[PDB]
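K.L.:
Below you'll find the sequence and an experimental structure to go with it.
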Amino acid sequence: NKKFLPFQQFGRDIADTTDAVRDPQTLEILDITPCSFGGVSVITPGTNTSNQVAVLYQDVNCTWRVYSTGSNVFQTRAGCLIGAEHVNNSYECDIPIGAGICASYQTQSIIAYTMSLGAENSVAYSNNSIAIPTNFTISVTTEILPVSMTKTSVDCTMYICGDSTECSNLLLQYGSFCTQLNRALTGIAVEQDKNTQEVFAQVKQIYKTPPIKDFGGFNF
Amino acid sequence: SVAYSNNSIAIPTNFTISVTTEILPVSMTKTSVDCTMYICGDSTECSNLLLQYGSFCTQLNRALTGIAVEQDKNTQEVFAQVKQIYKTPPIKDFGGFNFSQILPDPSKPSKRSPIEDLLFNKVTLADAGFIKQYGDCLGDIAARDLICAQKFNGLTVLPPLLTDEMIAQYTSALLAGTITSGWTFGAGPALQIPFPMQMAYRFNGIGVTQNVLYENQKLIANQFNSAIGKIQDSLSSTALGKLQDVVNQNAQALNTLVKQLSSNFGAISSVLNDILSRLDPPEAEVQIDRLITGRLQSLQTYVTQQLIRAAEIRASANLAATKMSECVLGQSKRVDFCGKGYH
Amino acid sequence: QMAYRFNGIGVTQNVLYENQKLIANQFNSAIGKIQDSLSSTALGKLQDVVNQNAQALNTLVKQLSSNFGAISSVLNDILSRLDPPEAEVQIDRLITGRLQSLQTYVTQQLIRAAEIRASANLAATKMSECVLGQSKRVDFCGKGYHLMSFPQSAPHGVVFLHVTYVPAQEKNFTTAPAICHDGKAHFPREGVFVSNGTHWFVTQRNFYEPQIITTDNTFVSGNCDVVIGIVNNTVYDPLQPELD
Ligand SMILES: *[C@@H]1O[C@H](CO)[C@@H](O[C@@H]2O[C@H](CO)[C@@H](O)[C@H](O)[C@H]2NC(C)=O)[C@H](O)[C@H]1NC(C)=O
Ligand SMILES: *[C@@H]1O[C@H](CO)[C@@H](O[C@@H]2O[C@H](CO)[C@@H](O)[C@H](O)[C@H]2NC(C)=O)[C@H](O)[C@H]1NC(C)=O
Ligand SMILES: *[C@@H]1O[C@H](CO)[C@@H](O[C@@H]2O[C@H](CO)[C@@H](O)[C@H](O)[C@H]2NC(C)=O)[C@H](O)[C@H]1NC(C)=O
Ligand SMILES: *[C@@H]1O[C@H](CO)[C@@H](O[C@@H]2O[C@H](CO)[C@@H](O)[C@H](O)[C@H]2NC(C)=O)[C@H](O)[C@H]1NC(C)=O
Ligand SMILES: *[C@@H]1O[C@H](CO)[C@@H](O[C@@H]2O[C@H](CO)[C@@H](O)[C@H](O)[C@H]2NC(C)=O)[C@H](O)[C@H]1NC(C)=O
Ligand SMILES: *[C@@H]1O[C@H](CO)[C@@H](O[C@@H]2O[C@H](CO)[C@@H](O)[C@H](O)[C@H]2NC(C)=O)[C@H](O)[C@H]1NC(C)=O
Ligand SMILES: *[C@@H]1O[C@H](CO)[C@@H](O[C@@H]2O[C@H](CO)[C@@H](O)[C@H](O)[C@H]2NC(C)=O)[C@H](O)[C@H]1NC(C)=O
Ligand SMILES: *[C@@H]1O[C@H](CO)[C@@H](O[C@@H]2O[C@H](CO)[C@@H](O)[C@H](O)[C@H]2NC(C)=O)[C@H](O)[C@H]1NC(C)=O
Ligand SMILES: *[C@@H]1O[C@H](CO)[C@@H](O)[C@H](O)[C@H]1NC(C)=O
Ligand SMILES: *[C@@H]1O[C@H](CO)[C@@H](O)[C@H](O)[C@H]1NC(C)=O
Ligand SMILES: *[C@@H]1O[C@H](CO)[C@@H](O)[C@H](O)[C@H]1NC(C)=O
Ligand SMILES: *[C@@H]1O[C@H](CO)[C@@H](O)[C@H](O)[C@H]1NC(C)=O
């Protein structure tokens, strides 16, 4: 529907790509739209257990631009999932498809379902009722936190030029860059030691446990 | 000026129950980029010449996938503290306290509270859904709808794993647990307790005796209801800038990437079709390489800024999760951590 | 020390001084269970650091096969069959490409180092608040009421064994906010009013330990006309038997 002026032949968008073109014989305006469109994802349960896959087409509304149609076509808010069977149950998420849908390798085939948030529960609120425990449990849980990473150093001359003397001579125009890289790496390297010292060196007195292991029944 | 003296004190005779809002971003949009379609498009010669930067493109996609998984991890950490979906009883007798503005409304297609709906209607996203068909924008609609313009260049937005309905269910479960059991559901088996008694306990947490509430229950309930209504009105009147900024920055970055395709980068033209037509392969390779280098550097810049923004959002989400665990699942003694005053 | 930490979470020390054997057995069993839960299955958060660093170095090595727009990716093949004046262009292309690769690696390392520094600061705060003391922050040193923590050394990280208090075996009781005896409203000092159906008692919140309502257990404020859910009971004064 664009109306070109008589002196114009091509049309360009904000990316400078050609969008509208006038046919030089019929003098009608035509639009150019790319042929490729839409995202594609593959869901695999691991190649060491099965070869079967399911493909999720994120720009298709199945109610097509698909590689193959097969069977078990299921529509989700994240796209059209082909190669997986829909179930009405609800389990914990195993492979995240998206938009509340997850996938798993159950009974073999690939199945898709709506993830369950957890067991439904209700607390009996009353105006004059309270719940007070009569017993207790002492539980121990693990919490793992990284503290440091590997310290690395880089030599530009050896990485870029190797033993090439001509390249090494040509590299003298970029020495500030290597100074900067080595400075950053040295900062990282000293920061890791600072991290370890901060986390573990809170106390500077090495207390020792005595041979009297009588802790009242607690065994450490 | 404080009239200081060594034998004078000021002790209050009254109090105010105030409600304040605090906004914290938790996540950002998950994006992915197709190197071939962005740098080259449908150009076979450019696609063949791009095979010298495969490790770079794999690195970009790895970083973007890491960010995408990280966003889901942040949302799960913030909202999935409890794995039991508590429901509020039909007995709405909370001793005079009214939670109708923070409890779900069954008259809506979703199960959102009034205030939640008011918040949802005050933040404008860029993708009304995540299914934009090829036939939906075919023709002059392209290069006019920014989402279609981005998609034609390989810039895709991936949907969140947890939908808004599930997030609302999580929030409703948290609210029901708090108003039905106090802070006991965050440490073990949930134990029921009346809400007056819970508020008396939480008064005891700030150094004021429980008989004050047990004697001023009606006044405190009226003040709480009025404060909730005032919060609703102040939200309706005025903003969610911290949440709008995330979507604005993501959209601006994607549109900047789209617009950056008009740069020559030192070539004779910025369009591969004009380079390929009227130039023969060996001398069009120079221009194609220049364009490839420029566009790959642009993608690197976008990925780096996305990583920095993702780190900032991770900090915000960690703070939000800590604040949830310490103010919603319990009572905080930290000054100015869960509002101004005694929490 | 265990009795003190019990007092820190709102449970009196006599509970532990009476159940010491049970608590000791439970703690030993919990340590044995974490032994097995670690032996059988993972330390992914710590393996990820070494995996990412190794992958970054490996991909830096692998990116030496990129032409970067040159006719070959090996400086020896460029320098042989090309004289300096026209080999300088290819060498410059390769230098620019490899410099960009190094800069990208440095940027990713800086971002990862910032993330690891945040983790290390969190670990330092966690140690200072859970190992060197007892934290009242909810869900900071584990799920439940925090008792203590034990740090363990791990490759490129720290591992905490959080000892927590998790209540169990709850029971139903009837409650009331106040008891008024002689026209005066009595409220509990450090407990809650409960009833097994016929008699009224005051007990601590985290453990069922009923006691008789006396003048030491409660305090007086007002009459029987202000509070809403008041119920009637006798409050035993431990002075009449002492004068009788
Ligand atoms: C795929 O397309 C169908 C229609 O072709 C969509 O179904 C419609 O959804 C709207 C949303 O409000 C309803 O008002 C219509 O009544 C629906 N029509 C039918 C026939 O069901 C469907 O929503 C699309 N898929 C997605 C993920 O949006
Ligand atoms: C305290 O007693 C109440 C009943 O007076 C319990 O609440 C009921 O629990 C049953 C469990 O089978 C449910 O079927 C009812 O729907 C609940 N509602 C009622 C009638 O209150 C409550 O569970 C008891 N407390 C505890 C901790 O179990
Ligand atoms: C509190 O729980 C503990 C264990 O969780 C109970 O101890 C058990 O009691 C049974 C009953 O005789 C014994 O058979 C077990 O051997 C005990 N376990 C241990 C580890 O000693 C305890 O009885 C419970 N207390 C109450 C009041 O119910
Ligand atoms: C403290 O308890 C630990 C529990 O692990 C004891 O260590 C071993 O426990 C197993 C299980 O009962 C026994 O079969 C082993 O024989 C124990 N080790 C040894 C060397 O005997 C540990 O022995 C206990 N310490 C004390 C002083 O009783
Ligand atoms: C809690 O507040 C809501 C309003 O925020 C109350 O709902 C209104 O109640 C009034 C008085 O009966 C009616 O005139 C309105 O039609 C109700 N609708 C609205 C505006 O929500 C609700 O009644 C309050 N809770 C209780 C227990 O009274
Ligand atoms: C403490 O403050 C509250 C509110 O700030 C006072 O309650 C108000 O009292 C006036 C006059 O009696 C009423 O018009 C208002 O409606 C009341 N407010 C509410 C929310 O109901 C209360 O009187 C003050 N008490 C003292 C001792 O000063
Ligand atoms: C509730 O607890 C009271 C505790 O006083 C029980 O009353 C006593 O019960 C014992 C035996 O159960 C008797 O020997 C006492 O004479 C009773 N009175 C007193 C003052 O101790 C009462 O039986 C309990 N009720 C229920 C239903 O368990
Ligand atoms: C709780 O006890 C009080 C006093 O023991 C009761 O107060 C009575 O109130 C009525 C009418 O208000 C008077 O006619 C009586 O004379 C009062 N009692 C006394 C001893 O003076 C109150 O009714 C009791 N509450 C319940 C629920 O039984
Ligand atoms: C995966 O397959 C490999 C080789 O087939 C095998 O060695 C490995 O044990 C498998 N993994 C599992 C979890 O079975
Ligand atoms: C699932 O439940 C729906 C309810 O509408 C029903 O139509 C359908 O037959 C059931 N089976 C599956 C797995 O879809
Ligand atoms: C529960 O309801 C009863 C009667 O409706 C009332 O007397 C009592 O005060 C209510 N409970 C609370 C905590 O207000
Ligand atoms: C230490 O020994 C005494 C008696 O010898 C005992 O009563 C006490 O419980 C022991 N200490 C501990 C911690 O068990």
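P.N.:
Yes, it's here. Numbering: from 1, shown residues only, chains lettered A, B, ... in the order given. Ligands and ions are numbered 1, 2, ... in the order given.
K.L.:
Tell me which residue is most central in chain A.
P.N.:
Centroid-nearest residue in chain A: residue A:96, 10.6 Å away (criterion: Cα atoms, centre = their mean).
K.L.:
Name the helix or strand for residue C:122, please.
P.N.:
Secondary structure from DSSP states H and E places residue C:122 in helix C:84-126.
K.L.:
Where does the residue of chain A found nearest ligand 1 sit: helix, strand or coil?
P.N.:
Going by Cβ to the nearest ligand atom, ligand 1 is nearest to residue A:61 of chain A, at 3.7 Å. Where you see a C-beta, it was placed from the backbone N, CA and C, and this is true even at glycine. Of the three states, residue A:61 takes coil according to DSSP: H, G, I helix; E, B strand; the rest coil.
K.L.:
those strands in chain C, which residues are they?
P.N.:
Under the criterion DSSP state E, chain C contains strands at C:145-154, C:157-175, C:179-180, C:185-188, C:192-195, C:200-203, C:218-220, C:231-232.
K.L.:
how about CSV for these, with mean neighbour count added?
P.N.:
CSV is the format used below for the strands of chain C (neighbours: other Cβ atoms under 10 Å in any protein chain shown):
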stretch, mean neighbour count
strand C:145-154, 18
strand C:157-175, 19
strand C:179-180, 22
strand C:185-188, 22
strand C:192-195, 21
strand C:200-203, 20
strand C:218-220, 17
strand C:231-232, 13
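K.L.:
Which part of chain C gets nearest to ligand 10, residue-wise?
P.N.:
residue C:41 (33.0 Å).
K.L.:
ugh, typo on my part, it should be the stretch 151-300 of chain B
P.N.:
residue B:165 (17.3 Å).
K.L.:
Quickly note the distance from the closest residue to that residue other than its chain neighbours to ligand 6.
P.N.:
The spatial neighbour of residue B:165 that comes closest, neighbours along the chain excluded (Cβ to Cβ, 6 or more residues apart in numbering or on different chains), is residue B:110 at 5.9 Å. Counting by Cβ to the nearest ligand atom, to the nearest Å, the gap from residue B:110 to ligand 6 is 33 Å.
K.L.:
Residue B:110: what's it in contact with?
P.N.:
By Cβ atoms under 8 Å, 6 or more residues apart in numbering or on different chains, the contact set of residue B:110 is B:164, B:165, B:168.
K.L.:
Check the burial of the first one by counting its neighbours.
P.N.:
Right, the one you point to is residue B:164. By other Cβ atoms under 10 Å in any protein chain shown, 13 other residues sit near residue B:164.
K.L.:
One more: the one 10 residues further on?
P.N.:
Using other Cβ under 10 Å, residue B:174 has 20 other residues around it.
K.L.:
element containing it, please.
P.N.:
Using DSSP H and E, residue B:174 falls in helix B:164-181.
K.L.:
And for residue A:21?
P.N.:
For residue A:21, the element it lies in under DSSP H and E is strand A:18-22.
K.L.:
Any buried residues in that strand, and which?
P.N.:
Neighbour counts over strand A:18-22 (16 or more other Cβ atoms under 10 Å in any protein chain shown) mark A:19, A:20, A:22 as buried.
K.L.:
Go ahead and confirm the first one touches residue A:29.
P.N.:
No - counting by Cβ atoms under 8 Å, residue A:19 stays clear of residue A:29, with 10.5 Å between them.
K.L.:
By proximity to ligand 7, which residue of chain A wins?
P.N.:
Taking Cβ to the nearest ligand atom, chain A has residue A:134 as its residue nearest ligand 7, at 13.8 Å.
K.L.:
For my notes, confirm that residue occurs in a strand.
P.N.:
Yes - counting by three-state DSSP, residue A:134 is located in a strand.
K.L.:
How about residues contacting stretch A:52-72?
P.N.:
Contacts with stretch A:52-72, where a contact means Cβ under 8 Å, 6+ apart, come from A:37-45, A:73-75, A:78-86, A:97-98, A:103, A:108-110, A:112, B:130-134, B:151, B:156, B:158.
K.L.:
So which of those sit within strands?
P.N.:
If you go by DSSP E, the contacts of stretch A:52-72 have A:40-43, A:73-75, A:79-82, A:85-86, A:97-98, A:103, A:109-110, A:112, B:156, B:158 in strands.
K.L.:
one step back: the residue of the stretch 151-300 of chain B closest to ligand 10: what's it in contact with?
P.N.:
Applying Cβ under 8 Å, 6+ apart to residue B:165 gives the contacts A:100, B:110, B:111.
K.L.:
Do a quick rundown of the strands in chain A.
P.N.:
Under the criterion DSSP E, chain A contains strands at A:10-12, A:18-22, A:29-31, A:40-43, A:54-57, A:73-76, A:79-82, A:85-86, A:95-98, A:101-106, A:109-114, A:119-122, A:129-146.
K.L.:
picking that back up, now restrict the ones in strands among the contacts of stretch A:52-72 to buried residues only.
P.N.:
So, by 16+ other Cβ under 10 Å, the buried ones in the ones in strands among the contacts of stretch A:52-72 are A:41, A:43, A:73-74, A:79-82, A:97-98, A:103, A:110, A:112, B:156, B:158.
K.L.:
which two in the residues you listed are spaced the farthest apart?
P.N.:
Greatest spacing in those, by Cβ to Cβ: A:110 and B:156 (23.1 Å).
K.L.:
who's sitting farthest from the centroid in chain C?
P.N.:
residue C:83 (66.1 Å).
K.L.:
cool, and chain B?
P.N.:
Relative to the centre of chain B, and counting by Cα atoms, centre = their mean, the farthest-placed residue is residue B:7 at 51.9 Å.
K.L.:
so that one sits in a strand?
P.N.:
No - looking at residue B:7 with three-state DSSP, it is coil, so not inside a strand.
K.L.:
For it, what are phi and psi?
P.N.:
For residue B:7, the backbone dihedrals are phi -140, psi 40 (criterion: degrees, to the nearest 10).
K.L.:
just how off-centre is the helix holding residue C:122 within its chain?
P.N.:
Computed by Cα atoms, centre = their mean, to the nearest Å, the chain-centroid distance of helix C:84-126 equals 35 Å.
K.L.:
coming back round to it: of the contacts of residue B:110, which is the nearest to ligand 2?
P.N.:
Closest to ligand 2 out of those is residue B:168 (24.1 Å), distances taken as Cβ to the nearest ligand atom.
K.L.:
Residue numbers of chain B in contact with ligand 6?
P.N.:
For chain B, the residues in contact with ligand 6 (Cβ under 6 Å from any ligand atom) are B:13, B:14, B:219, B:222, B:223.
K.L.:
Quick one: list the elements packing against the strand holding residue A:21.
P.N.:
Counting contacts by 3 or more Cβ pairs under 8 Å, 6 or more residues apart in numbering or on different chains; DSSP states H and E, strand A:18-22 is packed against strand A:10-12, strand A:29-31.
K.L.:
and that strand, which strands flank it?
P.N.:
strand A:10-12 (antiparallel), strand A:29-31 (antiparallel) (DSSP bridges).
K.L.:
Show me the contact partners of the last one.
P.N.:
To tie it back to what came earlier, the one meant is strand A:29-31. Against strand A:29-31 from outside (Cβ under 8 Å, 6+ apart): A:1, A:2, A:3, A:4, A:19, A:20, A:21, A:22, A:23, B:139, B:140, B:142.
K.L.:
so where's the longest helix in chain B?
P.N.:
The single longest helix within chain B, with elements called by DSSP state H, is helix B:281-323.
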